[PDB]
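A.B. asks: Residue numbers (the deposited numbering), protein chains in the order written: chain G, 0 to 30, 90 to 122; chain A, 35 to 446; chain B, 35 to 446; chain F, 35 to 322, 330 to 446; chain E, 35 to 446; chain C, 298 to 446. Note that CB positions come from ideal geometry on N, CA and C, so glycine has one too. Submitted below is the structure of interest, expressed as structure tokens.
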Ligand SMILES: Nc1ncnc2c1ncn2[C@@H]1O[C@H](COP(=O)(O)OP(=O)(O)O)[C@@H](O)[C@H]1O
Ligand SMILES: Nc1ncnc2c1ncn2[C@@H]1O[C@H](COP(=O)(O)OP(=O)(O)O)[C@@H](O)[C@H]1O
Ligand SMILES: [Mg+2]
Ligand SMILES: [Mg+2]
């Protein structure tokens with residue numbers, strides 16, 4: 000029953016990495091941006107890493 | 035004629051020699067009604083519904099007839115009727131109702147109930163373009179609470195292509211019936227018949243209201259019109275029939291429901307199909323809960339009807355009105371109702387919606403770009419016009435040919 | 035001969051002595067019949083053929099025949115019959131049916147039944163390829179409500195090549211008589227008896243239609259030809275037997291059901307099958323009350339039939355039509371009717387469908403590399419060829435040679 | 035007038051001809067009484083109120099009535115009443131009571147319920163500044179255990195613009211009646227008429243306490259007076275009527291309750307509304330199975346939560362998930378839209394306090410949550426006050442209109 | 035005065051015409067007593083005080099009393115009493131009890147009960163620092179089997195400061211009467227009355243020991259001093275009364291329990307509490323059927339009792355003793371008793387326990403950056419001080435000032 | 298009346314009856330009342346699951362749910378040790394199965410999990426057997442010794 004609680008952390012980790020993606024995408028327009095695209099690149103590969111972490115954990119509920 | 039012997043709480047006994055079954059009686063001091071459900075040698079069991087605590091030993095009964103009837107006639111267009119078959123209002127004198135029908139009739143001969151081929155124009159672009167009704171199809175809308183069942187239901191009432199509408203609100207409270215029959219205008223109520231009963235009424239009347247509305251619609255069918263019956267909340271009919279069956283004394287078999295509920299749903303809502311003279315298109319509603327996903331009434335209604343609409347809560351949480359989940363919902367008589375080019379267009383739009391759900395969960399995963407799947411890209415670029423085709427405001431009523439024209443637009 | 039002393043809604047009690055159990059009687063101020071369920075010293079408990087809602091206490095029972103028998107001949111080929119046995123077609127003249135026989139016959143001798151090893155072509159490509167039938171077996175189609183049973187019977191009736199086809203529509207949607215009748219050509223209806231009862235009909239006639247369909251099938255078996263008995267929802271027989279048994283005072287033993295249901299299913303489902311003279315191949319549909327295969331009556335019917343097809347909603351909502359789950363469905367003559375290379379190829383195709391179902395999450399999120407497991411490699415390689423072999427339309431009937439040819443093509 | 039057949043623990047059977055269901059009969063040597071639940075052809079199943087010991091085969095039953103009605107008059111103001119109707123204490127003598135009326139009266143059908151006007155002031159400044167309520171409106175309070183609802187009830191008795199205030203402590207504990215009456219003044223008690231009953235008392239009079247209080251409040255409704263009804267713990271009425279129902283013999287349907295309580299609770303709650311004689315403002319408390334059936338049956342839910350009561354923010358109501366359904370028919374449009382914008386000014390703080398718990402949230406463009414941070418303390422001392430802090434209706438309006446600035 | 039007609043397992047039935055209820059009779063051949071529990075108009079149900087060894091039909095009965103009374107008095111301290119009332123230790127000389135009292139008295143007038151204001155120092159740090167008890171509060175301890183109800187009464191009874199202690203050991207193992215006397219010092223054994231009945235004793239001793247303990251407690255209450263009453267498994271009273279009443283012709287209602295259990299338990303369980311002179315403060319151990327929430331005898335004891343400590347065995351599985359779940363337990367009478375800063379400290383560290391019970395998961399899963407939740411950052415830093423404040427040893431009793439000092443330094 | 302049927306089939310002062318009883322369960326649950334009672338009467342149980350029948354693992358014997366009471370008096374000590382270690386390999390792979398199906402298993406942490414992965418195919422084609430195949434006892438135990446290590 001606590002495996003349902005973990006993706007509530009994993010999906011909320013996804014929302015707090017795509018709102019931060021919207022932070023950098025809002026301030027790539029004003030500019090440092092080459093030093094600032096270094097942060098969205100680690101953000102978006104982690105957002106792909108977090109989205110992969112949900113779809114193998116939301117599919118892991120059906121296996122039980 | 036006969037006197038009460040005992041009161042067993044919810045069921046009474048009375049000595050009446052050679053009393054028949056199905057009859058209904060007046061308690062002679064008051065004006066109260068009660069039917070017969072079981073016959074012994076001289077001492078018949080007898081089910082009351084209104085009031086029990088005003089009863090003696092030796093209180094008299096009064097005969098009316100063999101089977102309970104209702105007064106049906108062509109003056110019912112625009113009347114709030116009790117579920118037992120009486121006009122509720124007192125501001126008008128009850129008009130000329132000449133005919134005399136019973137509540138228990140039978141469906142027609144199955145070799146006369148023939149195949150349905152014509153479409154039932156509905157106004158909603160989602161139920162009529164992608165899914166399609168037919169004149170004689172019994173739709174069942176499976177909704178929750180707070181998804182927009184009543185707004186869609188008034189959209190059905192207003193923009194339908196029917197001649198006489200017959201509503202039936204079985205278990206309600208007065209704010210909801212006032213909110214719902216205040217929601218549809220006088221041009222709707224000039225053809226509409228209202229069989230309204232509320233949750234404060236006893237269980238026998240909330241059970242007989244479905245029979246009453248079906249009998250009114252059978253009468254307006256037998257003159258040869260396209261009647262549109264709308265039983266609201268067959269769940270609450272089922273709760274009323276559960277209470278009547280358990281008060282009669284009957285072992286529950288599935289989910290706390292007696293066998294009488296499961297055997298009385300088909301002989302209720304098998305009457306509302308095509309006929310050799312006119313036809314009745316019925317549309318029932320089931321309130322599905324998150325507490326019981328099993329819900330035996332929902333499964334049996336899905337097993338009796340033909341074509342269900344599912345209103346999901348996710349499509350209400352994102353603003354997608356009407357909240358019809360296409361692909362989770364379907365109609366059975368569509369492949370012999372619409373043309374072939376519309377049947378190959380509507381399948382491709384549903385396949386585009388399902389493909390878009392898959393491709394959004396594969397595009398946020400990091401493993402999609404444009405070019406390596408042709409079926410994906412066309413769904414990607416047709417997302418917003420498919421969403422402009424499905425979504426429809428309350429006061430935007432479309433015609434059938436405009437729906438098919440916009441559908442042929444939105445597929446290619 | 036005897037009066038009535040009780041009417042209870044389903045079972046009526048009659049004070050008439052020396053009544054043989056199984057005999058039937060006529061309520062002589064009417065034209066309705068009743069059959070003796072149980073007796074007492076002089077107080078029989080009997081069950082009416084029509085409804086019970088017009089009866090009273092002192093009402094006589096005149097004596098009729100000692101056992102209810104239907105009339106059967108060769109002139110039933112091409113007719114519409116009820117569950118009692120009397121014809122539905124009024125405009126078609128009454129046939130001359132010279133023979134008569136009772137509905138309760140014993141199965142053949144278990145040594146005179148024979149091992150079945152000739153394949154029965156169904157036309158459905160998945161059943162023929164991966165599963166397969168034998169001329170004489172009793173296969174069953176298990177599904178939820180609205181998953182694809184009736185469609186698969188229509189597909190499997192256009193595909194089958196029997197001599198006589200006896201179709202029983204037991205407790206089903208009364209609209210669908212003309213739809214089953216309009217998907218059949220005339221040269222098929224010239225050899226087809228059609229026993230139709232409807233979900234509105236009372237708990238005896240919806241119970242007794244299975245035995246008259248099986249009796250007509252045994253008649254055309256005893257003429258010496260291989261016939262096909264397709265029965266639509268034997269679970270409606272199960273619900274009717276539950277209601278009659280619980281009205282007759284029997285304990286709940288499993289899931290709502292009395293033990294008389296579980297004792298009366300095997301003789302019905304066992305008098306079909308092989309024989310010393312001819313054979314009847316039976317195909318029963320089973321309506322699982324939720325979307326689970328481990329329903330009480332679904333498990334009880336599965337432990338009696340020899341071969342079971344499981345349709346699941348998870349493939350209906352993916353448009354994987356037909357929804358035949360290859361895993362949970364199996365045939366108990368598969369290894370007996372067919373050659374060894376077909377059996378090897380079918381087993382390998384089933385195994386590589388399973389090993390694709392092992393992997394597909396790693397494909398979805400992009401993790402599975404190519405060359406490390408050849409069984410999963412061949413699964414991923416031949417997926418699209420399999421799911422062009424598994425899906426087929428209702429109009430696509432494929433002969434057995436092209437089926438096993440494409441099966442060898444797809445297994446590699 | 036009838037001998038007692040046998041004793042079945044909590045059910046008496048008697049041999050007496052022609053009695054109605056609900057007629058209450060009299061154990062004559064001991065002065066106890068017992069009402070009818072079912073009749074046979076000559077024998078009668080009835081059930082006692084009190085304890086059943088001391089009874090034998092052949093005790094007599096005096097008739098003395100055919101349905102139970104309460105001796106109710108104008109002189110009941112300021113007295114302690116049992117759920118049956120007789121007084122509690124013997125220090126005071128029972129005054130003159132001319133009338134008596136039965137506990138049953140049919141409510142009007144819901145198809146023609148009246149319009150609500152005329153704002154009714156309760157005294158707590160939070161709701162009549164934010165979630166107002168009219169005269170004939172019946173209100174449900176959904177509170178918990180240890181949330182401080184007793185002080186809330188005592189302070190909406192104290193400061194209400196009603197000429198009569200009727201409350202029914204139906205099923206309360208032993209100490210809790212003195213715990214409640216310790217926080218009512220004498221000027222309030224000389225306006226109250228109040229029914230008490232404890233869990234000692236039998237379930238039969240513990241369910242007739244509700245009908246007694248509703249009937250007395252209908253009596254004071256007919257004299258041209260605005261009257262307030264309170265029923266504390268409707269759920270304890272529900273469990274009492276449950277115990278009476280399946281003590282008489284009835285299988286249950288939902289939860290553990292028979293359908294008799296589902297036939298009696300809309301009958302008990304559907305009445306007591308906006309009559310033309312000056313009407314009856316009902317406040318019904320439900321603690322957190331049938332709360333769905335109550336919450337869907339009357340207009341206006343007020344929610345008290347432990348998650349808010351763990352701090353010192355009293356009255357412990359949260360406006361973000363409670364609303365009285367009739368405000369546009371009660372209060373003006375200026376007050377309504379100002380109250381609603383203060384509601385969404387509170388509701389945006391809890392979605393931005395959690396974002397200022399973490400160090401990220403700034404100003405610059407968010408016109409709804411930047412106003413909550415500065416104008417927080419005027420909100421948070423507008424929507425709370427002490428037990429004996431009264432705030433009249435002609436102060437909370439301009440106070441709320443200087444809160445919005 | 036009558037003959038015995040049958041012997042059951044628990045019950046006797048006799049022919050005593052016009053016998054009262056409560057009137058106890060002795061059996062003329064065999065010296066043993068029995069009291070009347072039901073009437074059946076000629077034929078009475080009696081309940082015997084002992085076993086049924088030799089009980090022949092037609093065995094006589096003789097009138098002894100109209101109700102059963104016990105001998106109480108001030109010369110009862112330091113003694114052991116059974117459920118009937120007689121002393122249980124036999125090597126001692128029999129005392130002199132002056133007065134007699136019936137076991138069925140009435141609770142005090144609710145308008146004359148006092149107001150609970152001052153604390154009852156209990157001894158355990160959790161039920162002093164977090165759920166403070168007042169003098170006159172009725173609390174109950176709710177747990178399953180062997181979760182620690184009797185061990186917590188040992189911890190309370192060891193560090194109790196009451197002027198007189200009545201300990202009722204109702205329907206439990208004979209072994210543990212010496213284990214309770216091993217943790218009673220002489221200063222609190224010189225003023226304690228143990229009413230002990232063992233689980234092997236017959237039904238009405240186990241049914242009337244609760245009434246005997248409450249009668250003794252009301253006697254020493256009416257002398258004018260405050261008294262601690264501690265019942266151990268009042269559920270043993272409840273199921274003794276279940277086995278008595280349910281075998282006396284009385285229906286199952288909610289758990290096997292008759293209505294008489296739910297009629298006689300809220301009268302026993304409420305005649306404690308405050309009073310015009312003196313105050314009984316009561317601690318009722320309650321055993322639960324399963325560890326579920328729908329217990330028909332645990333829920334209504336939870337409802338009619340002002341304060342409850344819930345022991346859950348999920349904390350007894352991680353060896354966290356005492357297993358008090360502070361979120362599931364409450365004390366309605368602590369806001370009237372303690373100071374305001376004591377309330378703030380109690381609420382703050384309950385909030386800290388509730389925070390760490392779900393921040394713990396995202397410490398093990400490596401997702402917790404320090405500082406982003408400061409309250410959780412305060413619930414991780416003070417985890418060890420809390421978990422030494424909450425659980426303590428059995429022999430570790432602590433005074434009230436140390437508990438409030440340690441509470442303040444834990445919260446700060 | 299079920300123990301006075303099932304107890305008549307066992308060892309005896311002259312002759313013996315070795316009996317094999319097929320037991321159908323009212324669902325797939327083994328805690329059917331008849332399944333539970335006949336499990337508490339008989340001297341060994343072989344529980345066949347439907348998961349292994351759906352995975353085309355035939356015969357579908359679930360090894361963890363199965364037991365044989367008399368085996369420790371029948372087999373040698375070496376054969377009992379090899380049987381226990383093979384059953385522990387099967388249970389180890391059933392532990393790590395969903396973890397490698399999701400995709401977290403990288404080769405190298407556990408010493409027993411790599412042993413399970415390596416001997417997976419040998420264990421599978423030892424347990425899986427065709428219908429028309431029979432083995433002798435010496436070939437069975439030598440194939441057990443070859444599979445287990
Ligand atoms: N083989 C199939 N191909 C396409 N659609 C199908 C197929 N089987 C079922 N369906 C869909 O299901 C509906 C009919 O289902 P049906 O088999 O009649 O359910 P039931 O078994 O409950 O009678 C049709 O509307 C159709 O769209
Ligand atoms: N405070 C405690 N400290 C340590 N162990 C305890 C404590 N309470 C209970 N236990 C353990 O749990 C078991 C149950 O104790 P007991 O109080 O007899 O439970 P109950 O009386 O409710 O059946 C005992 O065997 C004991 O070892
Ligand atoms: Mg079908
Ligand atoms: Mg103990």
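Measure the C-alpha to C-alpha separation of residue 33/F and residue 386/F and round it to an integer number of angstroms.
C.D. replies: Residue 33/F is absent from the structure shown; chain F starts at 35 and stops at 446.
A.B. asks: Within the chosen definition, does the segment 394-405 of chain C reach the segment 101-118 of chain G through at least 3 CB pairs nearer than 8 angstroms?
C.D. replies: They touch, by the three-pair rule.
A.B. asks: Rounded C-beta distance between residue 54/F and residue 101/F? I'm assuming under 8 angstroms.
C.D. replies: Position 20 of the fourth chain holds residue 54/F. Position 67 of the fourth chain holds residue 101/F. Going by Cβ atoms, the distance from residue 54/F to residue 101/F rounds to 7 angstroms, so yes, they are a contact pair.
A.B. asks: Can residue 372/F and residue 174/F be called in contact, C-beta distance under 8 angstroms?
C.D. replies: Locating residue 372/F in the fourth chain gives position 331, counting from the first residue. Locating residue 174/F in the fourth chain gives position 140, counting from the first residue. No.
A.B. asks: Indicate the three-state DSSP secondary structure (helix, strand or coil) for residue 347/E in the structure shown.
C.D. replies: Residue numbering aside, residue 347/E sits at position 313 when the fifth chain is read from its first letter. Three-state result, residue 347/E: helix.
A.B. asks: Check whether the segment 35-47 of chain B and the segment 273-286 of chain B are in contact - that is, three or more C-beta pairs closer than 8 angstroms.
C.D. replies: Verdict: yes, contact present.
A.B. asks: Using a beta-carbon distance cut-off of less than 9 angstroms, what residues from the segment 147-181 of chain E approach chain F?
C.D. replies: Listed in sequence order: 147, 148, 149, 150, 170, 171 and 172.
A.B. asks: Which residues count as close to ligand 1 when the rule is a CB under 5 angstroms from any of its heavy atoms, in chain order?
C.D. replies: Listed by chain position, these are 366/A, 180/B, 182/B, 183/B, 184/B, 185/B, 355/B and 356/B.
A.B. asks: So what does DSSP say about residue 441/F, is it helix, strand or coil?
C.D. replies: Taking the first residue of the fourth chain as 1, we reach residue 441/F at position 400. Residue 441/F falls in the helix class under three-state DSSP.
A.B. asks: Okay, do the segment 193-210 of chain B and the segment 261-268 of chain B touch, 3+ Cβ pairs below 8 angstroms being the bar?
C.D. replies: Verdict: yes, contact present.
A.B. asks: When you compare the CB positions of residue 38/A and residue 91/A, do they come within less than 8 angstroms of one another, or not?
C.D. replies: Stepping through the second chain from its first residue, residue 38/A is reached at position 4. Stepping through the second chain from its first residue, residue 91/A is reached at position 57. Cβ distance < 8 angstroms, so residue 38/A and residue 91/A count as in contact.
A.B. asks: Can you list the residues of chain A that residue 145/F reaches, using a CB-CB cut of under 9 angstroms?
C.D. replies: Along the fourth chain, read from residue 1 onward, the residue named residue 145/F stands at position 111. Going along chain A in sequence order, the residues near residue 145/F (Cβ under 9 angstroms) are 114, 122, 123, 208, 211, 212, 230 and 232.
A.B. asks: Say yes only if the C-beta of residue 177/E is nearer than 7 angstroms to one or more non-hydrogen atoms of ligand 2, and no if none qualify.
C.D. replies: By 1-based counting over the fifth chain, the position of residue 177/E is 143. Flag set: Cβ of residue 177/E near ligand 2.
A.B. asks: Using beta carbons (cut-off 8 angstroms, strictly below), is residue 264/B in contact with chain A?
C.D. replies: Your numbering for residue 264/B matches position 230 in the third chain. Not closer than 8 angstroms to any Cβ of chain A, the Cβ of residue 264/B fails to qualify, so no.
A.B. asks: Please report whether the beta-carbon of residue 222/F lies at a distance below 8 angstroms from any beta-carbon of chain E.
C.D. replies: Here residue 222/F refers to the residue found at position 188 when the fourth chain is read from its first residue. Answer no: the Cβ-Cβ gap between residue 222/F and chain E never drops below 8 angstroms.
A.B. asks: Would you mind sorting residue 374/F into buried or exposed? The rule is 16 or more other CB atoms within 10 Å of its CB.
C.D. replies: Numbered from 1 along the fourth chain, position 333 holds the residue referred to as residue 374/F. So residue 374/F counts as exposed.
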